[PDB]
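Student:
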Amino acid sequence: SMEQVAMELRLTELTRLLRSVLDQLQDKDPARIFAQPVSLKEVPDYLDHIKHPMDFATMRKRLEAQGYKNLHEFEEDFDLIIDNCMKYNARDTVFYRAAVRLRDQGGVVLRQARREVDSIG
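To convert, note that position 70 of the sequence shown is 70 in this note's numbering; the numbers rise steadily by one, no gaps.
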């Protein structure tokens with residue numbers, strides 16, 4: 001149908017905007033702490049602690065499959081990155097501190113992305 005195509009074009013455009021958002025958030029992680037999944041070889045007990053692991057590579061795979069239907073789903077995954085790190089790692093660690101900085105810097109980006117999503121529709 002033509003409606004299905006129009007909906008597919010909307011999803012494609014949302015994907016384009018989320019790619020730009022993802023790039024901007026990932027630049028706020030210049031140490032690449034959140035770039036890849038936590039290694040179960042190196043942290044064998046990780047899944048005893050963290051039930052839904054997340055990282056930027058995993059988000060990018062989902063994004064490129066057009067697997068985010070709306071900005072709320074994308075934000076949920078971003079928040080997992082932060083929130084998982086702040087639970088597993090103590091306050092005095094470079095990891096926890098990196099997460100706090102990512103959260104604070106990413107908030108700005110996400111605030112305008114929400115306005116852009118509502119605005120463009």
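Beta carbons: idealized from backbone N, C-alpha and C, even for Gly.
To the nearest angstrom, report how far apart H52 and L110 are at their CA atoms.
Tutor: Answer to the nearest angstrom: the Cα atoms are 22 Å apart.
Student: Rounding to the nearest angstrom, what Cα-Cα distance links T12 and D48 in this structure?
Tutor: Roughly 37 Å separates the two Cα atoms.
Student: For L80, which of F34, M54, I33 and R16 has the nearest alpha-carbon?
Tutor: The residue with the shortest Cα to Cα distance from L80 is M54.
Student: Taking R60 as the reference, give the member of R19, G106 and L14 with the closest Cα.
Tutor: Nearest of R19, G106 and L14 to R60, Cα basis: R19.
Student: Looking at the structure shown, is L40 part of a helix, part of a strand, or coil, going by DSSP?
Tutor: In this structure, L40 counts as coil in the three-state DSSP scheme.
Student: Do you know offhand how far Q36's Cα is from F56's?
Tutor: So the alpha carbons of these two residues sit roughly 6 Å apart.
Student: What's the call for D118, buried or exposed, on a 16-neighbour Cβ count within 10 Å?
Tutor: Counting Cβ neighbours within 10 Å, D118 comes out exposed, since fewer than 16 surround it.
Student: Just the Cα atoms here: how many angstroms apart are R10 and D92?
Tutor: Cα to Cα, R10 sits roughly 43 Å from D92.
Student: Please go through the segment 41-101 and give each complete alpha helix (DSSP H) segment of 4 or more residues, from N-terminal end onward.
Tutor: The segment 41-101 contains these whole alpha helix (DSSP H) runs: 46-49, 56-64 and 71-88.
Student: Could you tell me how far apart the beta carbons of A65 and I82 are, in whole angstroms, since I believe they sit closer than 8 Å?
Tutor: Actually they are not in contact, since the Cβ atoms of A65 and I82 sit about 23 Å apart, beyond 8 Å.
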